[PDB]
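Below is one structure, written out as structure tokens; comments come after it.
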Amino acid sequence: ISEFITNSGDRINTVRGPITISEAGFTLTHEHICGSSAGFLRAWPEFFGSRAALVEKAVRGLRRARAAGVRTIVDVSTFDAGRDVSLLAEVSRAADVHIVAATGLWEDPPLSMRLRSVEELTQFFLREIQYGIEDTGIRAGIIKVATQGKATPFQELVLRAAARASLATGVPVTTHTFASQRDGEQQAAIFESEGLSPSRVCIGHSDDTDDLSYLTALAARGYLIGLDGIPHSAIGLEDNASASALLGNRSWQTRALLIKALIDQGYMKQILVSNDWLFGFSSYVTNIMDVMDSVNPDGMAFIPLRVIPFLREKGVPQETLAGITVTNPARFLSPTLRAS
Amino acid sequence: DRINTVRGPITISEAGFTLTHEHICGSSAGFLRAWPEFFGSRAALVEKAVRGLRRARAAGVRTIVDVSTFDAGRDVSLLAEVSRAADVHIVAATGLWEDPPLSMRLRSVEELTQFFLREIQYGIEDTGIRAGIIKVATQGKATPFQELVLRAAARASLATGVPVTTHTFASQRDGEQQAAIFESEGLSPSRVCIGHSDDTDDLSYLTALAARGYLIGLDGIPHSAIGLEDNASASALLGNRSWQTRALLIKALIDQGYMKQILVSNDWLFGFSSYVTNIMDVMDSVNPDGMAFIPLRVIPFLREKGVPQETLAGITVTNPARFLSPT
Ligand SMILES: C[C@H]1O[C@H](C)CC(O)(O)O1
Ligand SMILES: C[C@H]1O[C@H](C)CC(O)(O)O1
Ligand SMILES: [Zn+2]
Ligand SMILES: [Zn+2]
Ligand SMILES: [Zn+2]
Ligand SMILES: [Zn+2]
């Protein structure tokens with residue numbers, strides 16, 4: 001009964017305020033409006049044409065995803081990935097797509113973050129969840145962390161601060177990995193040493209690897225498996241070294257068949273799916289957004305328009321795919337009880 | 001005849017006593033807006049900076065050059081607020097310092113030139129405030145990216161006439177490589193201040209650069225961890241050379257004939273998030289005068305050493321005006 005009720009119930013924080021779990025609907029759990037650096041969009045909007053051009057591009061892309069069935073995206077851009085929650089709020093209002101914002105730290109923390117203690121980082125993550133991001137009053141609904149191989153000492157502090165902020169607030173944790181180095185195993189160990197439940201943790205970029213034994217072992221432990229870069233592929237771009245390095249030479253079909261593989265092995269309840277798409281991208285080579293748009297014009301609509309029909313004709317039931325894209329994110333994003 | 005400040009253009013005569021290398025807040029891009037509680041609050045940081053700049057004003061300072069770049073967390077709206085409430089002119093900087101994020105590190109020399117030009121010719125962010133100086137940095141031999149920054153800085157200077165000021169590891173003679181790259185872009189040494197030059201005792205390094213026409217930034221005079229020997233992080237940052245040793249380098253360059261090429265400053269801050277947490281309190285504990293240290297302590301020290309008042313006025317008024325005036 002309660003799956004049909006939207007006018008009441010517990011709530012998820014978005015850039016427009018709280019929404020009921022029922023209102024979240026079809027949710028992409030790992031996306032970006034703009035992948036940049038702190039302060040960069042405000043200091044150099046002409047890099048993106050203009051701020052107005054970036055807004056219009058993102059609103060059009062979100063409307064395309066909405067027409068394909070998407071109702072919510074989780075923008076997992078952190079402070080150091082150039083998250084501008086005022087941009088997120090504007091595009092969310094114009095496109096009528098819910099956007100959950102993130103705290104945490106990604107791969108490019110400045111000195112003012114890298115010098116901080118685990119206790120200090122915990123306070124910063126709590127600030128963005130409990131008080132608001134900058135002076136906007138927009139509260140983060142997820143904590144994003146990253147490793148690229150064995151964690152640096154600072155990344156260990158970030159992982160522990162994320163776990164502590166998660167336990168204190170009930171909001172979940174989502175991660176960036178070098179999946180080929182099995183990063184999720186060390187991340188899980190650090191999280192478990194802090195007492196975090198695996199059901200509150202998504203191990204991301206997990207479709208970057210073909211090692212099913214690594215994925216199934218984490219899923220068996222209760223971790224959520226983020227198969228979040230399905231359209232990332234440089235097939236056809238083999239002469240472009242920067243695009244090939246970023247997007248890989250594995251096909252979207254290969255990535256999508258990892259979804260089916262985990263389903264077939266009984267782990268559908270542990271899967272989250274996304275595009276890891278962007279509408280602007282300044283933290284890499286200059287032409288990269290144009291290159292990416294050239295091989296995936298559907299943008300964030302790729303999951304509903306391409307991956308769902310592909311898996312359905314492979315025999316995955318529609319209700320299973322709805323469970324992965326609607327119910328699984330709702331359980332993940334719903335805040336659990338705070339500790340104590 | 002005009003210099004851009006955070007309150008708009010001023011004439012050269014209005015700059016007066018100028019501190020050429022200072023910071024309202026040494027931070028990181030976006031950090032002051034995302035975590036103002038690190039500084040107590042934004043309001044507390046404003047009040048502290050206004051109290052400190054008012055003290056420097058009472059000691060005779062009329063202008064400071066805030067050489068915080070984008071990646072040092074420059075917030076020009078903060079600079080404007082503090083400048084207005086302390087009635088001290090503040091010149092803002094473009095360029096890049098020692099902590100550029102990916103969105104900067106991945107850019108070409110052409111792209112960096114466009115960004116520096118934007119901040120000088122159009123404005124910083126959406127504020128309309130235009131930079132009056134370009135700040136660059138090396139820490140020993142330049143990285144490939146720092147070479148691009150130095151070249152883009154030279155190109156932006158040649159297009160606008162605003163000068164270039166540098167951060168160096170003086171002990172590794174970085175001013176020589178900076179000079180070489182600047183001259184390979186056709187930049188005139190008289191448009192360049194080689195900063196942190198008081199961090200070294202090698203007078204022959206400094207006089208050779210000045211004999212080539214460079215301005216010499218003796219800009220960290222109160223930086224000293226004397227008395228803080230049990231503090232490893234403060235000692236590493238501030239050094240164990242005394243302020244008197246640094247100040248006597250001013251006299252030495254005057255005595256060697258370079259008074260017209262010396263720029264003096266404190267390299268002080270009112271907030272500081274890019275190092276260890278307690279560093280601002282530690283620094284305030286040994287230099288409560290803050291930015292007033294140059295006028296209150298260094299000027300009388302040099303006067304009693306025999307430096308004429310006209311020479312000290314030339315260093316603190318004439319040289320910054322000549323340096324900051326766009327060519
Ligand atoms: C900023 C964004 O760009 C990449 C495509 C992937 C990421 O998720 O690591 O972050
Ligand atoms: C004092 C110390 O922090 C400042 C932000 C910059 C510096 O490089 O001048 O050194
Ligand atoms: Zn990532
Ligand atoms: Zn991502
Ligand atoms: Zn410096
Ligand atoms: Zn400085």
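Going through the structure tokens in order, the chains are called A, B, and so on, while each chain numbers its residues from 1 and the ligands are numbered from 1 in the order shown.
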ask   = So which residues are near ligand 1, meaning at most 7 Å away with only C-alpha atoms and all ligand atoms counted, given back as a PyMOL selection string?
value = chain A and resi 32+35-36+77+81+176+276-277+281+283
How would the residues just chosen look if you wrote them out with C-alpha atoms as a compact mmCIF listing (two decimals), in the first residue's frame?
# COMPACT_ATOMS: atom_id res chain seq x y z
CA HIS A 32 27.18 14.93 -12.55
CA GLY A 35 32.51 17.89 -13.37
CA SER A 36 34.84 20.74 -12.50
CA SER A 77 30.10 15.88 -7.38
CA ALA A 81 34.83 18.23 -8.11
CA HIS A 176 34.94 6.03 -6.66
CA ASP A 276 28.20 8.71 -14.75
CA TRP A 277 27.44 11.38 -17.34
CA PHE A 281 33.59 18.75 -17.81
CA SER A 283 38.83 18.66 -14.92
request  = Write as a PyMOL selection string the residues around ligand 4, taking 10 Å as the cut-off and counting only C-alpha atoms and all ligand atoms.
outcome  = chain A and resi 29-35+75-78+81+106+144+175-176+204-205+228-229+274-278
message = Quick check: residues of chain A within 8 Å of chain B, only C-alpha atoms, returned as a list in words.
response =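 Every residue of chain A that passes the 8 Å test is in residues 36, 37, 38, 39, 40, 42, 43, 44, 79, 108, 110, 111, 112, 113, 115, 116, 124, 133, 134, 135, 282, 283, 284, 285 and 286 of chain A.
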Emit the selected residues as a compact mmCIF listing (two decimals), in the first residue's frame, including N, CA and C atoms.
# COMPACT_ATOMS: atom_id res chain seq x y z
N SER A 36 33.92 19.61 -12.40
CA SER A 36 34.84 20.74 -12.50
C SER A 36 35.77 20.74 -11.28
N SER A 37 36.12 21.93 -10.81
CA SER A 37 36.92 22.11 -9.62
C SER A 37 36.30 23.21 -8.77
N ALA A 38 36.61 23.19 -7.47
CA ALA A 38 36.03 24.19 -6.59
C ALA A 38 36.33 25.59 -7.11
N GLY A 39 35.30 26.45 -7.10
CA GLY A 39 35.40 27.82 -7.54
C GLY A 39 35.55 28.04 -9.03
N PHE A 40 35.73 26.98 -9.82
CA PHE A 40 36.14 27.15 -11.22
C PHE A 40 34.99 27.66 -12.08
N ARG A 42 32.54 29.52 -11.25
CA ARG A 42 32.31 30.93 -10.95
C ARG A 42 33.43 31.82 -11.48
N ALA A 43 34.66 31.31 -11.50
CA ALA A 43 35.81 32.12 -11.92
C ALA A 43 35.98 32.15 -13.43
N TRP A 44 35.55 31.11 -14.13
CA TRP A 44 35.82 31.03 -15.56
C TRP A 44 34.64 30.37 -16.27
N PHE A 79 32.72 18.95 -3.22
CA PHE A 79 33.41 20.23 -3.18
C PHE A 79 34.55 20.31 -4.20
N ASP A 108 40.67 15.38 -5.98
CA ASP A 108 41.45 16.60 -6.16
C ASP A 108 41.28 17.56 -4.98
N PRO A 110 42.08 20.31 -2.34
CA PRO A 110 43.11 21.35 -2.20
C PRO A 110 43.85 21.21 -0.88
N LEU A 111 44.89 22.05 -0.72
CA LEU A 111 45.66 22.07 0.52
C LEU A 111 44.77 22.27 1.75
N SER A 112 43.77 23.15 1.65
CA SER A 112 42.93 23.43 2.81
C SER A 112 42.11 22.21 3.25
N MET A 113 41.93 21.21 2.39
CA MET A 113 41.34 19.94 2.80
C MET A 113 42.40 18.89 3.14
N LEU A 115 45.23 19.04 4.47
CA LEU A 115 45.89 19.25 5.75
C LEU A 115 44.98 18.96 6.94
N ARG A 116 43.74 18.55 6.72
CA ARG A 116 42.79 18.44 7.81
C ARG A 116 42.83 17.05 8.45
N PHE A 124 33.28 18.83 8.62
CA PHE A 124 32.91 19.42 7.34
C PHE A 124 31.81 18.62 6.66
N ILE A 133 24.90 23.37 2.43
CA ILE A 133 26.07 23.58 1.59
C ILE A 133 26.24 25.08 1.34
N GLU A 134 27.43 25.60 1.65
CA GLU A 134 27.74 27.03 1.52
C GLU A 134 26.68 27.81 2.30
N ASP A 135 26.07 28.84 1.72
CA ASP A 135 25.00 29.60 2.35
C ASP A 135 23.65 29.35 1.69
N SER A 282 35.41 20.13 -16.96
CA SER A 282 36.63 20.94 -17.05
C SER A 282 37.85 20.31 -16.41
N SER A 283 37.69 19.24 -15.63
CA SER A 283 38.83 18.66 -14.92
C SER A 283 39.62 17.67 -15.78
N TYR A 284 39.44 17.67 -17.09
CA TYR A 284 40.19 16.79 -17.99
C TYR A 284 40.61 17.62 -19.21
N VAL A 285 40.85 16.95 -20.35
CA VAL A 285 41.28 17.68 -21.56
C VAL A 285 40.14 18.53 -22.09
N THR A 286 40.51 19.58 -22.84
CA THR A 286 39.54 20.63 -23.17
C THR A 286 38.37 20.10 -24.00
request  = Skip residue 132 in chain B itself and residues of its chain fewer than 4 positions away, then list as a count of residues only all residues within 12 Å of it, counting only C-alpha atoms.
outcome  = 46
message = as a PyMOL selection string, please: the residues near range 248-252 of chain B (cut-off 12 Å, only C-alpha atoms, same-chain neighbours under 6 positions excluded).
response = chain B and resi 196-204+206-207+216-221+241-242+258-265+294+298-299+301-308+311-312+315-316
Output N, CA and C atoms for every residue in the selection just made, as a short mmCIF file (atom, residue, chain, number, x, y, z; two decimals), in the first residue's frame.
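File written: part.cif
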data_model
loop_
_atom_site.label_atom_id
_atom_site.label_comp_id
_atom_site.auth_asym_id
_atom_site.auth_seq_id
_atom_site.Cartn_x
_atom_site.Cartn_y
_atom_site.Cartn_z
N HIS B 196 59.69 36.66 -2.10
CA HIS B 196 60.29 35.84 -1.03
C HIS B 196 61.81 35.89 -1.05
N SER B 197 62.35 36.99 -1.59
CA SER B 197 63.79 37.13 -1.75
C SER B 197 64.50 37.33 -0.42
N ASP B 198 63.79 37.73 0.64
CA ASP B 198 64.39 37.79 1.96
C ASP B 198 64.52 36.42 2.63
N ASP B 199 64.07 35.35 1.99
CA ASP B 199 64.24 34.01 2.53
C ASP B 199 65.67 33.50 2.39
N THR B 200 66.51 34.20 1.64
CA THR B 200 67.89 33.77 1.44
C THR B 200 68.83 34.84 1.96
N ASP B 201 70.03 34.39 2.33
CA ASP B 201 71.10 35.28 2.74
C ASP B 201 72.13 35.50 1.64
N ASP B 202 71.92 34.91 0.46
CA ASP B 202 72.87 34.98 -0.65
C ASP B 202 72.70 36.32 -1.35
N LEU B 203 73.46 37.31 -0.90
CA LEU B 203 73.35 38.65 -1.47
C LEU B 203 73.73 38.67 -2.94
N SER B 204 74.68 37.83 -3.35
CA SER B 204 75.12 37.85 -4.74
C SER B 204 74.03 37.37 -5.69
N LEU B 206 70.80 38.01 -5.19
CA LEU B 206 69.87 39.13 -5.29
C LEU B 206 70.45 40.28 -6.11
N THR B 207 71.74 40.62 -5.90
CA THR B 207 72.27 41.78 -6.62
C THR B 207 72.43 41.50 -8.11
N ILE B 216 63.08 43.41 -6.39
CA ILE B 216 63.42 42.40 -5.40
C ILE B 216 62.42 42.51 -4.26
N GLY B 217 61.63 41.46 -4.07
CA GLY B 217 60.61 41.50 -3.04
C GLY B 217 61.11 40.94 -1.72
N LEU B 218 61.38 41.84 -0.77
CA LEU B 218 61.77 41.47 0.58
C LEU B 218 60.48 41.53 1.39
N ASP B 219 59.71 40.45 1.29
CA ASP B 219 58.28 40.52 1.59
C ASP B 219 57.83 39.69 2.77
N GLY B 220 58.74 39.03 3.48
CA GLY B 220 58.38 38.22 4.63
C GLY B 220 59.08 38.63 5.91
N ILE B 221 59.32 39.92 6.09
CA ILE B 221 60.22 40.39 7.16
C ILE B 221 59.85 39.86 8.55
N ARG B 241 65.55 32.21 10.75
CA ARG B 241 66.20 33.50 10.62
C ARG B 241 65.32 34.60 11.21
N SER B 242 65.95 35.54 11.89
CA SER B 242 65.24 36.57 12.61
C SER B 242 64.68 37.62 11.66
N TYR B 258 70.61 49.64 -4.81
CA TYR B 258 69.38 49.14 -5.42
C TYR B 258 68.12 49.66 -4.74
N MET B 259 68.18 50.83 -4.09
CA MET B 259 67.00 51.30 -3.35
C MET B 259 65.77 51.46 -4.24
N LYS B 260 65.95 51.82 -5.51
CA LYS B 260 64.83 52.02 -6.42
C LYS B 260 64.20 50.73 -6.90
N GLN B 261 64.76 49.57 -6.54
CA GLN B 261 64.23 48.28 -6.99
C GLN B 261 63.80 47.37 -5.84
N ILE B 262 63.74 47.89 -4.63
CA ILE B 262 63.33 47.11 -3.46
C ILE B 262 61.84 47.32 -3.22
N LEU B 263 61.12 46.22 -3.01
CA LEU B 263 59.75 46.25 -2.51
C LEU B 263 59.69 45.49 -1.19
N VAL B 264 59.07 46.10 -0.17
CA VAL B 264 59.04 45.52 1.18
C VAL B 264 57.60 45.17 1.57
N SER B 265 57.44 44.05 2.27
CA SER B 265 56.10 43.70 2.75
C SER B 265 56.24 42.72 3.92
N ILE B 294 55.74 46.27 9.17
CA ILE B 294 56.68 47.07 8.37
C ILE B 294 56.73 48.51 8.86
N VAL B 298 59.97 47.90 11.16
CA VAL B 298 61.07 47.88 10.21
C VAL B 298 61.53 49.29 9.89
N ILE B 299 60.59 50.22 9.68
CA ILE B 299 60.97 51.60 9.36
C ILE B 299 61.81 52.21 10.47
N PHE B 301 63.63 50.72 12.71
CA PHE B 301 64.88 49.96 12.77
C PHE B 301 65.86 50.45 11.71
N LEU B 302 65.38 50.66 10.48
CA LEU B 302 66.27 51.13 9.42
C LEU B 302 66.66 52.59 9.62
N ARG B 303 65.72 53.42 10.10
CA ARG B 303 66.05 54.82 10.35
C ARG B 303 67.22 54.95 11.31
N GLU B 304 67.22 54.15 12.38
CA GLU B 304 68.31 54.28 13.34
C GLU B 304 69.59 53.63 12.85
N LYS B 305 69.51 52.81 11.81
CA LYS B 305 70.69 52.31 11.10
C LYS B 305 71.26 53.33 10.12
N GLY B 306 70.61 54.47 9.96
CA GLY B 306 71.09 55.53 9.10
C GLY B 306 70.43 55.64 7.74
N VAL B 307 69.39 54.85 7.46
CA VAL B 307 68.71 54.99 6.18
C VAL B 307 67.90 56.28 6.21
N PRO B 308 68.12 57.19 5.27
CA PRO B 308 67.39 58.47 5.27
C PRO B 308 65.90 58.27 5.06
N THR B 311 64.89 57.89 1.47
CA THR B 311 65.07 56.55 0.92
C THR B 311 63.92 55.63 1.32
N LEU B 312 63.48 55.72 2.57
CA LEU B 312 62.41 54.84 3.02
C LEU B 312 61.08 55.21 2.36
N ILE B 315 61.17 53.72 -1.09
CA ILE B 315 60.91 52.28 -1.14
C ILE B 315 59.43 51.99 -0.94
N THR B 316 58.77 52.72 -0.04
CA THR B 316 57.40 52.38 0.37
C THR B 316 56.32 53.11 -0.41
#
Would you list, as an mmCIF file with N, CA, C and O atoms, in the first residue's frame, the residues of range 25-84 of chain A that end up in helix (DSSP H, G or I) under DSSP run on this structure's backbone?
data_model
loop_
_atom_site.group_PDB
_atom_site.id
_atom_site.type_symbol
_atom_site.label_atom_id
_atom_site.label_comp_id
_atom_site.auth_asym_id
_atom_site.auth_seq_id
_atom_site.Cartn_x
_atom_site.Cartn_y
_atom_site.Cartn_z
ATOM 1 N N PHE A 40 35.735 26.976 -9.822
ATOM 2 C CA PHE A 40 36.139 27.154 -11.217
ATOM 3 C C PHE A 40 34.990 27.662 -12.080
ATOM 4 O O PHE A 40 35.186 28.543 -12.923
ATOM 5 N N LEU A 41 33.786 27.106 -11.905
ATOM 6 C CA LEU A 41 32.658 27.558 -12.714
ATOM 7 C C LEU A 41 32.378 29.040 -12.488
ATOM 8 O O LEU A 41 32.038 29.767 -13.430
ATOM 9 N N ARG A 42 32.544 29.518 -11.250
ATOM 10 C CA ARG A 42 32.312 30.927 -10.947
ATOM 11 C C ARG A 42 33.428 31.820 -11.481
ATOM 12 O O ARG A 42 33.169 32.966 -11.874
ATOM 13 N N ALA A 43 34.663 31.315 -11.498
ATOM 14 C CA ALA A 43 35.809 32.118 -11.919
ATOM 15 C C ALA A 43 35.976 32.149 -13.433
ATOM 16 O O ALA A 43 36.504 33.126 -13.978
ATOM 17 N N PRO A 45 33.452 30.973 -16.204
ATOM 18 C CA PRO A 45 32.297 30.348 -16.866
ATOM 19 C C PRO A 45 32.464 30.252 -18.375
ATOM 20 O O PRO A 45 31.862 29.363 -18.999
ATOM 21 N N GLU A 46 33.275 31.130 -18.981
ATOM 22 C CA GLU A 46 33.500 31.086 -20.426
ATOM 23 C C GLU A 46 34.153 29.786 -20.866
ATOM 24 O O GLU A 46 34.099 29.447 -22.056
ATOM 25 N N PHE A 47 34.782 29.054 -19.943
ATOM 26 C CA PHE A 47 35.292 27.740 -20.308
ATOM 27 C C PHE A 47 34.177 26.855 -20.848
ATOM 28 O O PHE A 47 34.413 26.036 -21.742
ATOM 29 N N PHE A 48 32.962 27.026 -20.331
ATOM 30 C CA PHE A 48 31.797 26.249 -20.730
ATOM 31 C C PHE A 48 30.921 26.984 -21.744
ATOM 32 O O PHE A 48 29.732 26.671 -21.869
ATOM 33 N N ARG A 51 27.831 30.454 -18.366
ATOM 34 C CA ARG A 51 26.986 29.793 -17.379
ATOM 35 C C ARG A 51 25.601 29.517 -17.956
ATOM 36 O O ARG A 51 25.041 28.435 -17.753
ATOM 37 N N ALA A 52 25.039 30.484 -18.692
ATOM 38 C CA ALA A 52 23.709 30.288 -19.267
ATOM 39 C C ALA A 52 23.699 29.137 -20.264
ATOM 40 O O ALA A 52 22.735 28.362 -20.319
ATOM 41 N N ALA A 53 24.767 28.995 -21.054
ATOM 42 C CA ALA A 53 24.840 27.871 -21.985
ATOM 43 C C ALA A 53 24.897 26.540 -21.245
ATOM 44 O O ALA A 53 24.257 25.564 -21.658
ATOM 45 N N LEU A 54 25.663 26.477 -20.149
ATOM 46 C CA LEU A 54 25.732 25.240 -19.378
ATOM 47 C C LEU A 54 24.381 24.908 -18.755
ATOM 48 O O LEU A 54 23.956 23.744 -18.755
ATOM 49 N N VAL A 55 23.686 25.919 -18.228
ATOM 50 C CA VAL A 55 22.359 25.691 -17.662
ATOM 51 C C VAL A 55 21.432 25.121 -18.727
ATOM 52 O O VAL A 55 20.768 24.099 -18.512
ATOM 53 N N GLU A 56 21.387 25.769 -19.898
ATOM 54 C CA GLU A 56 20.485 25.326 -20.962
ATOM 55 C C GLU A 56 20.813 23.904 -21.413
ATOM 56 O O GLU A 56 19.906 23.087 -21.625
ATOM 57 N N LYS A 57 22.106 23.593 -21.563
ATOM 58 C CA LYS A 57 22.511 22.248 -21.958
ATOM 59 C C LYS A 57 22.077 21.217 -20.925
ATOM 60 O O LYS A 57 21.554 20.150 -21.279
ATOM 61 N N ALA A 58 22.274 21.523 -19.640
ATOM 62 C CA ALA A 58 21.901 20.584 -18.586
ATOM 63 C C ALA A 58 20.384 20.423 -18.493
ATOM 64 O O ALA A 58 19.887 19.310 -18.280
ATOM 65 N N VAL A 59 19.636 21.519 -18.628
ATOM 66 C CA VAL A 59 18.180 21.422 -18.549
ATOM 67 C C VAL A 59 17.644 20.577 -19.698
ATOM 68 O O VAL A 59 16.765 19.725 -19.504
ATOM 69 N N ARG A 60 18.169 20.787 -20.911
ATOM 70 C CA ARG A 60 17.750 19.964 -22.041
ATOM 71 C C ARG A 60 18.097 18.501 -21.805
ATOM 72 O O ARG A 60 17.279 17.611 -22.068
ATOM 73 N N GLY A 61 19.304 18.232 -21.301
ATOM 74 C CA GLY A 61 19.695 16.851 -21.061
ATOM 75 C C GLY A 61 18.853 16.192 -19.984
ATOM 76 O O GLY A 61 18.489 15.019 -20.102
ATOM 77 N N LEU A 62 18.516 16.940 -18.930
ATOM 78 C CA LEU A 62 17.671 16.392 -17.872
ATOM 79 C C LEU A 62 16.242 16.168 -18.360
ATOM 80 O O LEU A 62 15.598 15.180 -17.979
ATOM 81 N N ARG A 63 15.731 17.069 -19.206
ATOM 82 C CA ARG A 63 14.400 16.870 -19.783
ATOM 83 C C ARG A 63 14.364 15.640 -20.678
ATOM 84 O O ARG A 63 13.358 14.921 -20.720
ATOM 85 N N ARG A 64 15.445 15.393 -21.423
ATOM 86 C CA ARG A 64 15.527 14.175 -22.221
ATOM 87 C C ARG A 64 15.473 12.941 -21.330
ATOM 88 O O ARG A 64 14.746 11.980 -21.620
ATOM 89 N N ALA A 65 16.235 12.951 -20.231
ATOM 90 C CA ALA A 65 16.197 11.830 -19.296
ATOM 91 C C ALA A 65 14.808 11.676 -18.678
ATOM 92 O O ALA A 65 14.310 10.553 -18.520
ATOM 93 N N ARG A 66 14.155 12.801 -18.351
ATOM 94 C CA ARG A 66 12.827 12.743 -17.742
ATOM 95 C C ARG A 66 11.804 12.139 -18.695
ATOM 96 O O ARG A 66 10.953 11.340 -18.283
ATOM 97 N N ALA A 67 11.856 12.531 -19.968
ATOM 98 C CA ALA A 67 10.936 11.957 -20.941
ATOM 99 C C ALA A 67 11.141 10.457 -21.061
ATOM 100 O O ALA A 67 10.190 9.716 -21.345
ATOM 101 N N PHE A 79 32.723 18.949 -3.218
ATOM 102 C CA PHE A 79 33.411 20.234 -3.182
ATOM 103 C C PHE A 79 34.551 20.306 -4.198
ATOM 104 O O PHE A 79 34.613 21.229 -5.017
ATOM 105 N N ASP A 80 35.465 19.334 -4.165
ATOM 106 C CA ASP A 80 36.662 19.442 -4.991
ATOM 107 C C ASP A 80 36.426 19.015 -6.437
ATOM 108 O O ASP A 80 37.308 19.223 -7.278
ATOM 109 N N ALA A 81 35.273 18.430 -6.740
ATOM 110 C CA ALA A 81 34.835 18.229 -8.113
ATOM 111 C C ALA A 81 34.023 19.417 -8.616
ATOM 112 O O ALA A 81 33.345 19.312 -9.641
#
message = Between B:225, B:254, B:192, B:148, which residue has the minimum interatomic distance to residue 286 in chain B, considering only C-alpha atoms?
response = B:225
query = Looking at only C-alpha atoms and all ligand atoms, which of B:236, B:61, B:134, B:269 is the one that sits closest to ligand 2?
reply =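 Under the stated criterion, the closest residue is B:269.
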Non-local contacts of residue 93 in chain A (10 Å; only C-alpha atoms; under 4 positions in same chain excluded) as a list in words = residues 15, 16, 59, 88, 89, 97, 98 and 99 of chain A
Could you save those same residues with N, CA and C atoms as a tab-separated table (two decimals), in the first residue's frame?
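selection_13.tsv, written as the output of this step:
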chain	number	residue	atom	x	y	z
A	15	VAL	N	18.11	19.25	-3.82
A	15	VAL	CA	18.46	20.66	-3.95
A	15	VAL	C	17.23	21.57	-3.96
A	16	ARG	N	16.02	21.01	-3.99
A	16	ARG	CA	14.80	21.79	-3.86
A	16	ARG	C	14.11	21.60	-2.51
A	59	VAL	N	19.64	21.52	-18.63
A	59	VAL	CA	18.18	21.42	-18.55
A	59	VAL	C	17.64	20.58	-19.70
A	88	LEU	N	22.87	23.29	-9.56
A	88	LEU	CA	22.01	22.11	-9.46
A	88	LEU	C	20.57	22.51	-9.18
A	89	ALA	N	20.38	23.44	-8.24
A	89	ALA	CA	19.02	23.87	-7.90
A	89	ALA	C	18.33	24.50	-9.11
A	97	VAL	N	13.43	17.66	-12.44
A	97	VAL	CA	14.07	16.40	-12.09
A	97	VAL	C	14.71	16.62	-10.73
A	98	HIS	N	14.40	15.75	-9.77
A	98	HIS	CA	15.01	15.86	-8.45
A	98	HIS	C	16.50	15.62	-8.54
A	99	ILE	N	17.28	16.40	-7.79
A	99	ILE	CA	18.73	16.20	-7.70
A	99	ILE	C	19.13	16.12	-6.23
request  = Name the residues, by chain letter and number, that sit within 8 Å of ligand 5 using only C-alpha atoms and all ligand atoms, and give them as a PyMOL selection string.
outcome  = chain B and resi 97+137+166-168+195-196+267
ask   = Using the chain letters and numbers from this document, which residues of range 131-212 of chain B does DSSP assign to strand (DSSP E or B), as a list in words?
value =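 After running DSSP on the backbone, range 131-212 of chain B has strand (DSSP E or B) at residues 133, 134, 135, 136, 137, 164, 165, 166, 167, 192, 193 and 194 of chain B.
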Store the residues picked out above, limited to N, CA, C and O atoms, as a short mmCIF file (atom, residue, chain, number, x, y, z; two decimals), in the first residue's frame.
data_model
loop_
_atom_site.label_atom_id
_atom_site.label_comp_id
_atom_site.auth_asym_id
_atom_site.auth_seq_id
_atom_site.Cartn_x
_atom_site.Cartn_y
_atom_site.Cartn_z
N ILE B 133 47.53 42.92 -10.75
CA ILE B 133 48.84 42.29 -10.68
C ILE B 133 48.65 40.81 -11.00
O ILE B 133 47.55 40.26 -10.81
N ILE B 134 49.71 40.18 -11.49
CA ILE B 134 49.71 38.76 -11.83
C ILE B 134 50.70 38.06 -10.91
O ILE B 134 51.88 38.41 -10.88
N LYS B 135 50.23 37.04 -10.20
CA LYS B 135 51.05 36.28 -9.26
C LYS B 135 51.37 34.90 -9.84
O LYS B 135 50.48 34.23 -10.38
N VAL B 136 52.64 34.49 -9.74
CA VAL B 136 53.09 33.18 -10.19
C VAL B 136 53.97 32.55 -9.12
O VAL B 136 54.40 33.22 -8.17
N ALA B 137 54.28 31.26 -9.29
CA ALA B 137 55.05 30.58 -8.27
C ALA B 137 55.88 29.44 -8.85
O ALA B 137 55.42 28.72 -9.75
N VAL B 164 54.08 41.58 -12.90
CA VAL B 164 54.12 40.19 -12.46
C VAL B 164 54.90 40.13 -11.16
O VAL B 164 55.96 40.75 -11.04
N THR B 165 54.38 39.39 -10.18
CA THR B 165 55.08 39.21 -8.92
C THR B 165 55.17 37.72 -8.64
O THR B 165 54.28 36.96 -9.01
N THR B 166 56.28 37.27 -8.04
CA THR B 166 56.51 35.83 -7.98
C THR B 166 56.74 35.33 -6.57
O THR B 166 57.19 36.06 -5.68
N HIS B 167 56.43 34.05 -6.41
CA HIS B 167 56.76 33.27 -5.20
C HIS B 167 57.96 32.41 -5.59
O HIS B 167 57.93 31.82 -6.66
N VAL B 192 58.67 43.00 -13.24
CA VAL B 192 58.70 41.75 -12.50
C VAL B 192 59.30 41.98 -11.12
O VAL B 192 60.40 42.52 -11.00
N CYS B 193 58.59 41.52 -10.08
CA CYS B 193 59.13 41.46 -8.73
C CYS B 193 59.40 40.01 -8.38
O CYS B 193 58.47 39.18 -8.42
N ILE B 194 60.66 39.69 -8.08
CA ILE B 194 61.04 38.35 -7.61
C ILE B 194 60.84 38.31 -6.10
O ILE B 194 61.60 38.93 -5.34
#
